[PDB]
């Protein structure tokens, strides 16, 4: 549970685990419902989870770039399908012999296993969602790399035009991630790195642009090197914190 870094995930899994392991009171059927209907609903809910899960995985922007990641996701979804099958079977056994304390216990155990598999899927899903953010950091890093290496003023401007948009995109996702982070120190560290990136990139633009125009100018070289180092540190800091590590 201590590896869970998303509050959205944390609350969902807390619901999953607490509710199914803390059943005390029981209730009659809701109006119009049947024992067979309870199993039918469960069956449909398992199916819909699998369908939505498959769609979500197929749309994941790093589907190409990270094949082992997608493989883990399919594996974890498969564990939901499997425990789901056991739940539907033992659940059916229970509702058909609903006074059997022992069949209730077995069905309850099946439920724990299924909702735990759902929780593990969500935890893995968050880690892949984080990899997507890290991929965006890498994109910013490469564009900045190219900007530093550019040999013409026109290239520096065109690359900074790209960088502006990439950093704006990254800024949105990082701010939202910060709001969702469980640990306030990771939150604060992520926001600090965000701020450093926003301050450093415009300075990298103007230091690189001045240096391509005046290469003989040794303070211009120094300033560009210094701002480049600052840029690299901020990007590394974002990646470090997204991965649950301290920056620097």
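Numbering follows the first chain given and starts at 1.
Comparing 81-89 with 149-157, the stretch with the higher mean C-alpha B-factor in the PDB entry is 81-89. Remark: stretch with higher mean C-alpha B factor among 209-217 and 194-202 is 209-217. Of the candidates 178, 128, 106, 119, the one whose C-alpha carries the top B factor in the deposited record is 106. Per the PDB record, 21 has a higher Cα B-factor than any other of 233, 15, 21, 240. Ranked against the other modelled residues of its chain, the C-alpha B-factor of residue 97 as given in the entry falls in the highest third. Per-chain ranking of the deposited C-alpha B factor places residue 75 in the highest third. Annotation for residue 225: C-alpha temperature factor in the middle third relative to the rest of the modelled chain, per the entry.
Among the modelled residues of its chain, residue 68 has a C-alpha B-factor that falls in the highest third, as given in the PDB entry. Ranked within its chain, residue 59 lands in the highest third, by CA B factor from the PDB record.
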